Structures are given as structure tokens and as C-alpha cells.
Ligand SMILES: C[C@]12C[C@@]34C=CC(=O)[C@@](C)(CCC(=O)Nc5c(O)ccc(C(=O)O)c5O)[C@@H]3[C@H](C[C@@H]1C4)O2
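The chain that follows stands alone, in the form solved without the ligand, written as C-alpha cells.
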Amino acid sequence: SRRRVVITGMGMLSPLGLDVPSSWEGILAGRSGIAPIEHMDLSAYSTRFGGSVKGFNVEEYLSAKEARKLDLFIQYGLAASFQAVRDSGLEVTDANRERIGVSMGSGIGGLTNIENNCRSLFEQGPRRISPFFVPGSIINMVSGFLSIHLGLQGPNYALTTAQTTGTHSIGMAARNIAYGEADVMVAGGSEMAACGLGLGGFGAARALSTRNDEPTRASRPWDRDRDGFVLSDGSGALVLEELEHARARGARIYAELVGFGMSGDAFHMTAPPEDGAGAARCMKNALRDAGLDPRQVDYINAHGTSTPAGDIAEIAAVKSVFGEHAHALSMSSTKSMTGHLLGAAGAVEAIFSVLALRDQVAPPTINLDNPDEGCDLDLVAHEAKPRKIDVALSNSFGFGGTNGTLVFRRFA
């Protein structure tokens, strides 16, 4: 048997806001966080826009001196992590510190830092490389710095499963708690790949929307005019907690994490299969994990990246999995507003899935002006939709054919 896992704290940086409530206000209002990228020369680039975090003050969290040692993705992960722990009310003690762990991930990690240290290496040679270059750039330092700051002595690790990182991180954090290895985990992901290499690398694979004339319309999942994903920055963190632990301290419980699905496509390095067979197995795995029939699902936060092959595979996957229930559930892509936070996508979208449960409302897919061939599900086009939501799925599909699904259920 297995312990139950609830969500008692959430934290976020996104293109829509510097916390969860501001981000969620944007989501429900159908606001875009997408805009031309500033303080950065993108003249030679085919994409000049994306979702930046606007107005982030790291000194609300760290001294200027400690922040100078850390890549932006690490700053963003720590901000979401500190927010979620504060949100939870959790008190770390000598009696529980060994039962509280961290799994914050990243898809791509310290590109901005690697870029600036490369600049120095090429211009001036090795002796201008920062002594903090390695510990300030590696993906496990959000978990590491968070554990050192709060005295957390539980399981300390980091996933990196490209665009599936946030989903996998929350899921395997839930397993740690369910199977009794910890009572509390801080889990999610952070990303800041709006550097030359992120825009250039994804630009070189022709992965990115090039709609520079209208950045707020670039991200249009399931729309017949979509031309690739919109690159976005930020972080999500959740405080996961064993239910009896949460009840005993009188925690506020947002929702219960009932199911976790993983699967490999084993198909292609970057492209999903057209029938969405991997996403189908993953969702089926996640619903089995939860002991739920596909009929009980009301809301799916899609991966919904706005790429030609990706959006259409997810329609295929959902129809395969949910048969005659496929039209009854609502499925939206919050990436229509946020863009694609890569390794952080699954984290902020888990929070949006939890808040859909609290507020009984399906977030919109904005820009869904002309649903494509086969895209005839309830994609919640243009505007938020109030409705009954007992069960919410969050899907992530990433490079290497790596899939993740989280099943959240209302707790009352």
C-alpha cells in the first residue's frame, strides 16, 4: 500500500506575473505574457520575442552577493521554491528536517551563464571564468541551495527530462512521499533559455514561431496558422505533503495528487508519433495509477506547444484514451498565453491544473481562431469556462519521446 499526497503550497514566476495569484489572474483573463525580448540584440535571429519574467527582484529572496553566484534559472527556481514553502506555512524543525526534501529540475540549465563565461573564455582566456561558474550553473543547485537555506535533509535531487522536467519532478516527488521516503517535497522546475543559444538553438531546428509582427498571436495551439512554440522563462514549485502530516498541522490543502504516469515514445529525437501513442500510454498509466476510469476526467491542461506535429498528436492521444468521453472533458493549452517554459512548463501547468480544481474553471486556449483538421474537441477557445472539475490531468511530452502525466483530484 501507499500514502496519499496533497498540495499545500505553490510558488511561481511566469511571463504573466511574479507569483501564483497574479499569473492565475492573467490565465483566466486570457492575457498574453509574450513580447519582443529586451536588453538583448536579436537582429540576426528569426525569432525576436517570447515570455520573459518582467520585474523580478532577486533581492526579495537572496543578498545581491549570493544572487551574483547563481544563473537566472537557479534564481527563478529558488523564488518559486521560497514562495511555495511560505504558501504552505510549513515549519522545518530538528524533528522533521530529515523528512523534507527537494526535486527542482531544469530542461536546459545554465545557458545564459555558460554564454557569459564563454564570452570571457574566448575574449580573455580561462582566467576570466567565474569561480562560481560550475556550482552557479548546474541544474541540481536549486535543490542544493534550497536545502542549504532551509536546512532540508530529505531526498535532494534534480530531474532533467527536457520539456517534461516539471511534470516528472512533481510525480517522482509524490512517489517519494507515497512510498514513505519523505513526508514533504518541494518539486517543480525552472528555466531561462532566452539567451542566444536558446533562441539560436531552437531557431536552428526551425522549432520556434517566427510571427515577429504579432508576438501575442504567435502561440496558437491547435490553430491551422500555428508555426512552432514560443520560448518562455520562469518557474513553478509545489509543496507536496503526506495527507496525515498535512491534517495534523492544520495545512490548507489545494488538491490531491492521485496519479503519476511516465512512458517513452521510443519514436524520434524531437517529433512525437502522429497517433500520440506515447501520450496515450502515459495518460492510461497515470489513470491506472490513480485507480480512475478515463470517464472521470473533466479537465486536461495539454502540453499544447503550438507546433504542427505536437498539437495534432495530443488530439489523437486524447481520442484514443477517452473514446466517447473525449468531447465531454475540456482541454486547453495555457501555453497559448504563457508560451513554453520548457522544463518549468510542467510545474506552472500543474499549479494551473490545481487552481482549475479550486476555482472550478477551465483556462482558455487563446488565439484558437481556426481549429485545424481533427481539432474538434472542447479546446476552451478564447475565454475561460466555468464547469465541474473533480479530476484534472496535466500532460508533458518532451524531446527523446519522454512523456509525463499528473492526475489531480479535488480534496474536500
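Start at 1 with the first residue shown and count on from there.
Just so it is clear, the following notes concern the form solved in complex with the ligand, a form of the same protein that is not shown.
- Taking non-hydrogen atoms only, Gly398 approaches the ligand to within 4.5 angstroms in the entry with it bound.
- Heavy atoms of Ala205 reach within 4.5 Å of the ligand in the entry with it bound, making it an interface residue.
- Although the partner is absent here, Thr305 is a contact residue: one of its heavy atoms lies within 4.5 angstroms of the ligand in the entry with it bound.
- Using a 4.5 angstroms limit between non-hydrogen atoms, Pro272 touches the ligand in the entry with it bound.
- Residues of 340 to 378 placing a heavy atom within 4.5 Å of the ligand in the entry with it bound: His340 alone.
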